[PDB]
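Heads up: the structure comes next, in structure tokens.
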Amino acid sequence: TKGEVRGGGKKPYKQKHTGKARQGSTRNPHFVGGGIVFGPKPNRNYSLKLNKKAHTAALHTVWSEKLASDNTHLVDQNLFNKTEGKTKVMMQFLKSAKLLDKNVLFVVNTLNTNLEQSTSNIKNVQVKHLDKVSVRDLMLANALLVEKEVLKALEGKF
Amino acid sequence: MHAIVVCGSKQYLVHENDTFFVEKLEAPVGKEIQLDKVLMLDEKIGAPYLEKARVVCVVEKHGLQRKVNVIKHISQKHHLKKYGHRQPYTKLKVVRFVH
Amino acid sequence: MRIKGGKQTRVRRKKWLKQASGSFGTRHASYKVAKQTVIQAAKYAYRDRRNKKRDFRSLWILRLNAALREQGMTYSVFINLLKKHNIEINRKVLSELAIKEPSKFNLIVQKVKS
Amino acid sequence: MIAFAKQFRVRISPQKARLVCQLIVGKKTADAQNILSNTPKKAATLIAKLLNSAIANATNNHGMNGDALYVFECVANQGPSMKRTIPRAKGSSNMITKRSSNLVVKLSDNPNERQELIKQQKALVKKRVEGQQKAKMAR
Amino acid sequence: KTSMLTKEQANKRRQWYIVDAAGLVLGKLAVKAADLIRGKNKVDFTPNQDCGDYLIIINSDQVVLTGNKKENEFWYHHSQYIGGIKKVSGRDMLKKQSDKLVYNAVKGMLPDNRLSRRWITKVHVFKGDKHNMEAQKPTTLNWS
Amino acid sequence: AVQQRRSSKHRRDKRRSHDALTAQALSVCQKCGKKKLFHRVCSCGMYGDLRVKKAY
RNA sequence: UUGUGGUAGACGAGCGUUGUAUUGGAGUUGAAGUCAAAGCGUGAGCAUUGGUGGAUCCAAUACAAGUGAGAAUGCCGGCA
RNA sequence: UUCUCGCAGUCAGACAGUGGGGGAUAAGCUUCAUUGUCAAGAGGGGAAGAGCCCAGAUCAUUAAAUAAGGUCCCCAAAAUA
RNA sequence: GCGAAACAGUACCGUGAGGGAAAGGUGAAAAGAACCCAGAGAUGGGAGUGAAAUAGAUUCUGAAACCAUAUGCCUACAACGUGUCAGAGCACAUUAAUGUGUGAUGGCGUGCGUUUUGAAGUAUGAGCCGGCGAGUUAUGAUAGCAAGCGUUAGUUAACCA
């Protein structure tokens, strides 16, 4: 800004006896070289605050929308087995689900090595925890698989 | 030969087999329209109008006059209101006339 | 987040500059003088939209009264001949349109007594 | 035929170059070299080089007889000038510019061949207008 | 919308007329002069073109003013020089150039127009009665 | 003096219209064939039939 | 039906620009920039086409603005 | 045009008529109340015009009719006694 | 963008503290035009290479202001902040449109912005183009709209995961 730019206060001309434009400082925002009064600064915060209850209501609504998506059927811990990281197997899984561009983010609460083993190569497939869910992430899925043990936690959480 | 036919608020000299442009009638293309208002075809002028005299004209197209850009402003008054007027019209011609 | 904004500036100046053309001298060369001329001409046309009919009605009455004085009678009685007796809806310009067709306006100016 | 010959920025002011070459437009090289060798102007002797270079161009690169060749076009294209300063009185300083001239000379053989350029621009115009046309007949 | 109107253009036809100032007065002939030169009495008028016709006035040197205007009303003609005023009266232009009398009268009562200054030459004025323009085969009519 | 208003392009053109130059005379030298200027010397030097200057 | 002068001044609906979140599309088979033209719009604009041009851009929904120059005896650089 | 909320702008006016004050009832003067206008409102008439008379203009119309004002030519419109 | 993409605090300025700049991009790879012609010369025209040289070192793109050239049109008695509404004539054909280009002439025609009681003014600012360029934020208060919760209500801070 006008004070941040390095420079002095010397005036190239005196204040009278010349029809030149009035100048008062070495650097000015209206003078070349820079010195804009207001621009980007590392203080802008974008702070927002929403009550916990309202956010939980928004959650419950978006889950219920997802729970009625009719294309997100139930999945069991057993089927994550029989493979360690062979995405080819998971590619056959994805094909069998008739999903091509579905940004499938998988909810996990077992931390079974097989899934975070995969789902880090292609941008399409990722796996994230139930405790880390976000509304955009939930609707970013457009297709998802839910594990049945966490249904108990979901009904407990209303 | 000649005829004196008023469309809307505008009265026109119209002869037989002449294309011309009048105010908008919102008439779609193709059909034949018999207008009532007419005066002094060639003789025997009726006072307000010509009684029972019809002018039977065919409409062929609706057009618009060139883009008229109009700006209102007063000097040193911070007022530069700009607008664009389009002037619709109907281009048509007459085919028949009856007394 | 810097934005120069000289592109849409170029577009807006270009779109002010097309209509300002065909003028004598550098009037249609620079942004400011060209816009001044365009606005002034717009005002001139706005006022002339009235001035044209104001002068054309005078042209009508003068052209009619030329022939009227040729036949001696005046415009003052002419309106009486039409509007009062044998009421008609005749307008000024069609009179001269009939004058420009020989031997027709004579019939109208002669039925004034009938 | 063009017979264009460029110079690219010899140090002369273009005002004087145009000034000296109004006198050559439309004339024949037979009566051009002589008048260029007699008129006592700085640019006169300097453009004789370009004139004879154009003669050589016409005689060698194409090789027509050239007896009907006439001076088609002179021009003094304005190049980037040089900037200098000189001290003046009261401590002031005068600012001076050095103007050079890009010179290209064209020799024509027939009083024609611009009209051909006119129909070439018209061909551009038509390719434009039917290019617009195909936008509508496209289904 | 509007009724299209047309006028004659670049096909004007003009004639020669004869008129005499035997017992006339300045104003009552000058009004007819303006009327004829304008052509406002004929339906062939076009402001974009010429409308008047040739006119010949003959023997302007017997026109008479009513009242003492010939002796007391004066015209000053100032040249571009300082003190270039030529003072003339009604009585003196009879024994002098009366042609300029009708000339300045007719020019004063018409708008400053390039056609009007071109119009004014279509009328010819001489205090005499003989002129080589007599061979124009002209239409003769009084009070013109 | 000092200008008050800027001079227009067409005033520059009209002042330059009389600021041009005309052509020059020309003649033929019989002995030394050359299109020389009238009443001057030739390429070989003979203004008339007289050439006292060196031919080099 | 009332209408439709208008500074100050107040109210409402707005447009373009960058990048981001997506859903999409196009791109050496020549993107965008560029100018020329006798377009479409109540408006900021939106275009149509050719050449030039030689590589990313665009439609819609939202998001946050070094987001919008005719003037500052303005500055920068050129032309005068 | 009442009441509350929010934003105001603004306190440099002048002109024309009356009543006045001052001057010298002098001012394109100064200051008021009242009657209108300009500021912040086009236009027509007045030779142009910041206010005077007619007057409050969405856009278009080589449409008609009126207000003030005008009808010897410019400059459009009349004569009769 | 640190002033400083580049040999920058460099050049340069004042003796001294101190002050203080500007400018990059060729093309795939120089493969950077062997050789010929003109001209001493740079240079230009060829050839050849390069897809392409109108990519040839001025070396990504090259608006406009600026300067010229010319198709056609108009113009040397003319009183004009230069255009508008009509408009013949002249030359034509398009984002097919009551088509376009120019305008002999007629009617009309005292700028932009700011200042203000009010400015075509002889009140001021502007030779000109272009490029940039001056209503944003930390906290809190008031008012307005919408949403959430709900009249034993509602909301959290700091901090941690």
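Residue numbering restarts at 1 for every chain of the structure tokens, chains are lettered A, B, ... in their displayed order, and ligands are numbered from 1 as they appear.
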Would you list, as a list in words, the residues of segment 28-137 of chain D that end up in strand (DSSP E) under DSSP run on this structure's backbone?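 Secondary structure check on segment 28-137 of chain D, strand (DSSP E): residues 70, 71, 72, 73, 76, 77, 78, 82, 83, 84, 85, 86, 87, 93, 94, 95, 96, 97, 98, 101, 102, 103, 104, 105, 106, 107 and 108 of chain D.
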Output as a PDB file with N, CA and C atoms (P, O5', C5', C4', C3', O3' and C1' of nucleotides), in the first residue's frame the set of chain I residues within 7 Å of chain A, with distances taken over only C-alpha atoms (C1' of nucleotides).
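Output (selection39.pdb):
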ATOM      1  P     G I 133      -6.216  -0.941 -13.078  1.00  0.00           P
ATOM      2  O5'   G I 133      -6.159   0.460 -12.320  1.00  0.00           O
ATOM      3  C5'   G I 133      -5.282   0.663 -11.220  1.00  0.00           C
ATOM      4  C4'   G I 133      -5.174   2.125 -10.872  1.00  0.00           C
ATOM      5  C3'   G I 133      -6.487   2.832 -10.574  1.00  0.00           C
ATOM      6  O3'   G I 133      -6.942   2.622  -9.249  1.00  0.00           O
ATOM      7  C1'   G I 133      -5.252   4.119 -12.106  1.00  0.00           C
ATOM      8  P     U I 136     -16.572  -1.476  -1.166  1.00  0.00           P
ATOM      9  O5'   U I 136     -15.568  -2.499  -0.474  1.00  0.00           O
ATOM     10  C5'   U I 136     -14.685  -3.290  -1.255  1.00  0.00           C
ATOM     11  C4'   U I 136     -13.463  -3.694  -0.469  1.00  0.00           C
ATOM     12  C3'   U I 136     -13.684  -3.984   1.007  1.00  0.00           C
ATOM     13  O3'   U I 136     -14.224  -5.272   1.247  1.00  0.00           O
ATOM     14  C1'   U I 136     -11.766  -2.626   0.744  1.00  0.00           C
ATOM     15  P     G I 148     -36.395 -22.977   8.487  1.00  0.00           P
ATOM     16  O5'   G I 148     -35.393 -23.397   9.651  1.00  0.00           O
ATOM     17  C5'   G I 148     -34.246 -24.185   9.371  1.00  0.00           C
ATOM     18  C4'   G I 148     -33.302 -24.218  10.544  1.00  0.00           C
ATOM     19  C3'   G I 148     -33.945 -24.462  11.898  1.00  0.00           C
ATOM     20  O3'   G I 148     -34.230 -25.828  12.135  1.00  0.00           O
ATOM     21  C1'   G I 148     -32.444 -22.653  12.065  1.00  0.00           C
TER      22        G I 148
END
For a quick test of understanding: name the residues of chain E lying within 9 Å of chain H when counting only C-alpha atoms (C1' of nucleotides), and present them as a PyMOL selection string. chain E and resi 1-5+27-28+30-32+34-35+106+108-112
As a PDB file with N, CA and C atoms (P, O5', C5', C4', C3', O3' and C1' of nucleotides), in the first residue's frame, please: the residues near residue 73 of chain C (cut-off 12 Å, only C-alpha atoms (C1' of nucleotides), same-chain neighbours under 4 positions excluded).
ATOM      1  N   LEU C  64     -50.392  24.179 -51.615  1.00  0.00           N
ATOM      2  CA  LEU C  64     -51.820  24.238 -51.906  1.00  0.00           C
ATOM      3  C   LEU C  64     -52.248  25.654 -52.266  1.00  0.00           C
ATOM      4  N   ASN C  65     -51.813  26.641 -51.477  1.00  0.00           N
ATOM      5  CA  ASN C  65     -52.272  28.005 -51.696  1.00  0.00           C
ATOM      6  C   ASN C  65     -51.692  28.595 -52.969  1.00  0.00           C
ATOM      7  N   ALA C  66     -50.589  28.038 -53.470  1.00  0.00           N
ATOM      8  CA  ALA C  66     -50.128  28.399 -54.806  1.00  0.00           C
ATOM      9  C   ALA C  66     -51.245  28.213 -55.828  1.00  0.00           C
ATOM     10  N   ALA C  67     -51.746  26.981 -55.946  1.00  0.00           N
ATOM     11  CA  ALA C  67     -52.833  26.704 -56.879  1.00  0.00           C
ATOM     12  C   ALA C  67     -54.104  27.445 -56.489  1.00  0.00           C
ATOM     13  N   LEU C  68     -54.357  27.589 -55.186  1.00  0.00           N
ATOM     14  CA  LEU C  68     -55.561  28.290 -54.748  1.00  0.00           C
ATOM     15  C   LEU C  68     -55.566  29.735 -55.237  1.00  0.00           C
ATOM     16  N   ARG C  69     -54.432  30.429 -55.102  1.00  0.00           N
ATOM     17  CA  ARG C  69     -54.320  31.787 -55.622  1.00  0.00           C
ATOM     18  C   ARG C  69     -54.327  31.796 -57.143  1.00  0.00           C
ATOM     19  N   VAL C  77     -61.283  30.128 -46.999  1.00  0.00           N
ATOM     20  CA  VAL C  77     -62.589  29.620 -47.407  1.00  0.00           C
ATOM     21  C   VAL C  77     -62.507  28.137 -47.741  1.00  0.00           C
ATOM     22  N   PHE C  78     -61.318  27.657 -48.114  1.00  0.00           N
ATOM     23  CA  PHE C  78     -61.145  26.264 -48.512  1.00  0.00           C
ATOM     24  C   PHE C  78     -61.572  25.318 -47.396  1.00  0.00           C
ATOM     25  N   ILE C  79     -61.173  25.629 -46.162  1.00  0.00           N
ATOM     26  CA  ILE C  79     -61.532  24.792 -45.017  1.00  0.00           C
ATOM     27  C   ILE C  79     -63.033  24.868 -44.754  1.00  0.00           C
ATOM     28  N   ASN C  80     -63.626  26.044 -44.980  1.00  0.00           N
ATOM     29  CA  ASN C  80     -65.070  26.191 -44.836  1.00  0.00           C
ATOM     30  C   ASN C  80     -65.799  25.340 -45.865  1.00  0.00           C
ATOM     31  N   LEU C  81     -65.272  25.315 -47.089  1.00  0.00           N
ATOM     32  CA  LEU C  81     -65.882  24.553 -48.171  1.00  0.00           C
ATOM     33  C   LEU C  81     -65.905  23.061 -47.865  1.00  0.00           C
ATOM     34  N   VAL C 109     -61.864  20.782 -56.301  1.00  0.00           N
ATOM     35  CA  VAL C 109     -61.965  22.204 -55.981  1.00  0.00           C
ATOM     36  C   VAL C 109     -63.196  22.815 -56.638  1.00  0.00           C
ATOM     37  N   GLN C 110     -63.798  22.117 -57.603  1.00  0.00           N
ATOM     38  CA  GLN C 110     -65.029  22.609 -58.208  1.00  0.00           C
ATOM     39  C   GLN C 110     -66.295  22.090 -57.535  1.00  0.00           C
ATOM     40  N   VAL C 112     -66.825  22.167 -54.579  1.00  0.00           N
ATOM     41  CA  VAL C 112     -66.953  22.881 -53.310  1.00  0.00           C
ATOM     42  C   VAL C 112     -68.278  23.623 -53.233  1.00  0.00           C
TER      43      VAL C 112
ATOM     44  P     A H  78     -54.075  32.579 -46.355  1.00  0.00           P
ATOM     45  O5'   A H  78     -54.340  34.065 -45.845  1.00  0.00           O
ATOM     46  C5'   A H  78     -55.450  34.366 -45.006  1.00  0.00           C
ATOM     47  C4'   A H  78     -56.414  35.315 -45.675  1.00  0.00           C
ATOM     48  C3'   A H  78     -55.824  36.659 -46.095  1.00  0.00           C
ATOM     49  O3'   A H  78     -56.502  37.116 -47.263  1.00  0.00           O
ATOM     50  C1'   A H  78     -57.562  37.022 -44.545  1.00  0.00           C
ATOM     51  P     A H  79     -55.730  38.002 -48.359  1.00  0.00           P
ATOM     52  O5'   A H  79     -56.833  39.042 -48.851  1.00  0.00           O
ATOM     53  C5'   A H  79     -57.480  39.913 -47.933  1.00  0.00           C
ATOM     54  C4'   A H  79     -58.951  39.604 -47.819  1.00  0.00           C
ATOM     55  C3'   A H  79     -59.866  40.793 -47.583  1.00  0.00           C
ATOM     56  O3'   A H  79     -60.091  41.607 -48.736  1.00  0.00           O
ATOM     57  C1'   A H  79     -60.450  39.056 -46.093  1.00  0.00           C
TER      58        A H  79
END
Can you list, as a PyMOL selection string, all residues belonging to chain A that DSSP tags as helix (DSSP H, G or I)? chain A and resi 52-67+77-80+87-96+113-117+130-132+135-141+150-156
Show me which bits of chain I are within 8 Å of chain E, counting only C-alpha atoms (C1' of nucleotides), as a PDB file with C-alpha atoms (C1' of nucleotides), in the first residue's frame.
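The resulting file, part.pdb, is shown below:
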ATOM      1  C1'   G I  87     -32.696  15.165 -51.119  1.00  0.00           C
ATOM      2  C1'   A I  88     -31.361  14.966 -57.220  1.00  0.00           C
ATOM      3  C1'   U I 105     -28.969  21.893 -52.486  1.00  0.00           C
ATOM      4  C1'   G I 106     -33.138  23.269 -48.932  1.00  0.00           C
TER       5        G I 106
END
Would you kindly report the residues of chain C within 12 Å of chain F, using only C-alpha atoms, as a tab-separated table (two decimals) with N, CA, C and O atoms, in the first residue's frame?
chain	number	residue	atom	x	y	z
C	24	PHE	N	-16.33	15.07	-41.24
C	24	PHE	CA	-15.26	15.91	-41.74
C	24	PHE	C	-14.20	16.10	-40.66
C	24	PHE	O	-14.49	16.59	-39.57
C	25	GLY	N	-12.96	15.69	-40.95
C	25	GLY	CA	-11.87	15.89	-40.03
C	25	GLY	C	-11.74	14.78	-39.00
C	25	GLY	O	-12.26	13.67	-39.15
C	26	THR	N	-11.02	15.11	-37.93
C	26	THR	CA	-10.74	14.13	-36.88
C	26	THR	C	-11.90	13.99	-35.89
C	26	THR	O	-11.69	13.48	-34.79
C	27	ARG	N	-13.10	14.43	-36.26
C	27	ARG	CA	-14.25	14.35	-35.37
C	27	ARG	C	-14.58	12.90	-35.04
C	27	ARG	O	-14.97	12.59	-33.91
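Counting from atom CA of residue 3 of chain C, the distance to atom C1' of residue 25 of chain G is 26.7 Å.
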Figure out the distance between atom CA of residue 54 of chain D and atom CA of residue 104 of chain D, please, to one decimal in Å.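 Between these atoms lies a distance of 9.6 Å.
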Using only C-alpha atoms (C1' of nucleotides) and a cut-off of 12 Å, which residues of chain I sit close to chain D? Please list them as JSON, numbers by chain. {"I": [36, 37, 38, 39, 42, 43, 44, 45, 46, 47, 58, 66, 67, 68, 69, 70, 71, 93, 94, 95, 96]}
Expressed in Å to a single decimal, how great is the separation between atom CA of residue 132 of chain A and atom CA of residue 111 of chain A?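 About the pair atom CA of residue 132 of chain A and atom CA of residue 111 of chain A: they are 12.9 Å apart.
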Counting only C-alpha atoms (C1' of nucleotides), the residue of B:33, B:47, B:6, B:40 that sits nearest chain H: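 Among the listed residues, B:6 lies closest to chain H.
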Per-residue nearest contacts chain C to chain I, cut-off 12 Å, using only C-alpha atoms (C1' of nucleotides), as JSON lines:
{"residue": "C:2", "atom": "CA", "partner": "I:1", "partner_atom": "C1'", "distance": 11.3}
{"residue": "C:3", "atom": "CA", "partner": "I:132", "partner_atom": "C1'", "distance": 10.7}
{"residue": "C:4", "atom": "CA", "partner": "I:132", "partner_atom": "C1'", "distance": 7.9}
{"residue": "C:5", "atom": "CA", "partner": "I:132", "partner_atom": "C1'", "distance": 9.9}
{"residue": "C:6", "atom": "CA", "partner": "I:131", "partner_atom": "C1'", "distance": 8.0}
{"residue": "C:7", "atom": "CA", "partner": "I:63", "partner_atom": "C1'", "distance": 10.5}
{"residue": "C:9", "atom": "CA", "partner": "I:130", "partner_atom": "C1'", "distance": 11.2}
{"residue": "C:10", "atom": "CA", "partner": "I:63", "partner_atom": "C1'", "distance": 8.3}
{"residue": "C:11", "atom": "CA", "partner": "I:63", "partner_atom": "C1'", "distance": 10.4}
{"residue": "C:13", "atom": "CA", "partner": "I:64", "partner_atom": "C1'", "distance": 10.3}
{"residue": "C:14", "atom": "CA", "partner": "I:64", "partner_atom": "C1'", "distance": 9.5}
{"residue": "C:17", "atom": "CA", "partner": "I:64", "partner_atom": "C1'", "distance": 10.8}
{"residue": "C:20", "atom": "CA", "partner": "I:83", "partner_atom": "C1'", "distance": 10.9}
{"residue": "C:21", "atom": "CA", "partner": "I:83", "partner_atom": "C1'", "distance": 11.3}
{"residue": "C:22", "atom": "CA", "partner": "I:102", "partner_atom": "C1'", "distance": 9.8}
{"residue": "C:23", "atom": "CA", "partner": "I:82", "partner_atom": "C1'", "distance": 8.0}
{"residue": "C:24", "atom": "CA", "partner": "I:82", "partner_atom": "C1'", "distance": 6.6}
{"residue": "C:25", "atom": "CA", "partner": "I:82", "partner_atom": "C1'", "distance": 8.9}
{"residue": "C:26", "atom": "CA", "partner": "I:128", "partner_atom": "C1'", "distance": 10.4}
{"residue": "C:27", "atom": "CA", "partner": "I:82", "partner_atom": "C1'", "distance": 9.4}
{"residue": "C:28", "atom": "CA", "partner": "I:83", "partner_atom": "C1'", "distance": 11.6}
{"residue": "C:29", "atom": "CA", "partner": "I:65", "partner_atom": "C1'", "distance": 7.8}
{"residue": "C:30", "atom": "CA", "partner": "I:65", "partner_atom": "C1'", "distance": 7.6}
{"residue": "C:31", "atom": "CA", "partner": "I:129", "partner_atom": "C1'", "distance": 9.2}
{"residue": "C:32", "atom": "CA", "partner": "I:112", "partner_atom": "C1'", "distance": 7.6}
{"residue": "C:33", "atom": "CA", "partner": "I:112", "partner_atom": "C1'", "distance": 8.1}
{"residue": "C:34", "atom": "CA", "partner": "I:112", "partner_atom": "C1'", "distance": 10.7}
{"residue": "C:35", "atom": "CA", "partner": "I:112", "partner_atom": "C1'", "distance": 9.1}
{"residue": "C:36", "atom": "CA", "partner": "I:112", "partner_atom": "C1'", "distance": 6.6}
{"residue": "C:37", "atom": "CA", "partner": "I:83", "partner_atom": "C1'", "distance": 7.7}
{"residue": "C:38", "atom": "CA", "partner": "I:83", "partner_atom": "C1'", "distance": 9.0}
{"residue": "C:39", "atom": "CA", "partner": "I:111", "partner_atom": "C1'", "distance": 10.3}
{"residue": "C:40", "atom": "CA", "partner": "I:83", "partner_atom": "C1'", "distance": 8.2}
{"residue": "C:41", "atom": "CA", "partner": "I:84", "partner_atom": "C1'", "distance": 5.9}
{"residue": "C:42", "atom": "CA", "partner": "I:84", "partner_atom": "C1'", "distance": 7.9}
{"residue": "C:43", "atom": "CA", "partner": "I:84", "partner_atom": "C1'", "distance": 8.7}
{"residue": "C:44", "atom": "CA", "partner": "I:84", "partner_atom": "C1'", "distance": 5.5}
{"residue": "C:45", "atom": "CA", "partner": "I:84", "partner_atom": "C1'", "distance": 5.2}
{"residue": "C:46", "atom": "CA", "partner": "I:84", "partner_atom": "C1'", "distance": 8.9}
{"residue": "C:47", "atom": "CA", "partner": "I:108", "partner_atom": "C1'", "distance": 8.9}
{"residue": "C:48", "atom": "CA", "partner": "I:85", "partner_atom": "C1'", "distance": 6.0}
{"residue": "C:49", "atom": "CA", "partner": "I:85", "partner_atom": "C1'", "distance": 7.2}
{"residue": "C:50", "atom": "CA", "partner": "I:85", "partner_atom": "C1'", "distance": 9.6}
{"residue": "C:51", "atom": "CA", "partner": "I:108", "partner_atom": "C1'", "distance": 7.4}
{"residue": "C:52", "atom": "CA", "partner": "I:85", "partner_atom": "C1'", "distance": 6.1}
{"residue": "C:53", "atom": "CA", "partner": "I:85", "partner_atom": "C1'", "distance": 9.6}
{"residue": "C:54", "atom": "CA", "partner": "I:107", "partner_atom": "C1'", "distance": 9.9}
{"residue": "C:55", "atom": "CA", "partner": "I:107", "partner_atom": "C1'", "distance": 7.0}
{"residue": "C:56", "atom": "CA", "partner": "I:107", "partner_atom": "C1'", "distance": 9.3}
{"residue": "C:58", "atom": "CA", "partner": "I:107", "partner_atom": "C1'", "distance": 11.0}
{"residue": "C:59", "atom": "CA", "partner": "I:107", "partner_atom": "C1'", "distance": 10.5}
Write out, as a tab-separated table, each residue of chain C that has an atom at most 6 Å from chain B, together with the closest pair of atoms and their distance in Å to one decimal, counting only C-alpha atoms, rows going by chain and rising number.
residue	atom	partner	partner_atom	distance
C:86	CA	B:47	CA	6.0
C:87	CA	B:47	CA	5.3
C:88	CA	B:47	CA	5.2
Could you write out that same residue set with N, CA and C atoms as a PDB file, in the first residue's frame?
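For reference, part.pdb as written:
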ATOM      1  N   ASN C  86     -70.703  19.785 -46.560  1.00  0.00           N
ATOM      2  CA  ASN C  86     -70.179  18.532 -47.098  1.00  0.00           C
ATOM      3  C   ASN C  86     -68.969  18.077 -46.288  1.00  0.00           C
ATOM      4  N   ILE C  87     -69.227  17.742 -45.021  1.00  0.00           N
ATOM      5  CA  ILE C  87     -68.158  17.379 -44.098  1.00  0.00           C
ATOM      6  C   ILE C  87     -67.369  16.200 -44.648  1.00  0.00           C
ATOM      7  N   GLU C  88     -66.047  16.361 -44.728  1.00  0.00           N
ATOM      8  CA  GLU C  88     -65.158  15.295 -45.170  1.00  0.00           C
ATOM      9  C   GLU C  88     -64.013  15.161 -44.175  1.00  0.00           C
TER      10      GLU C  88
END
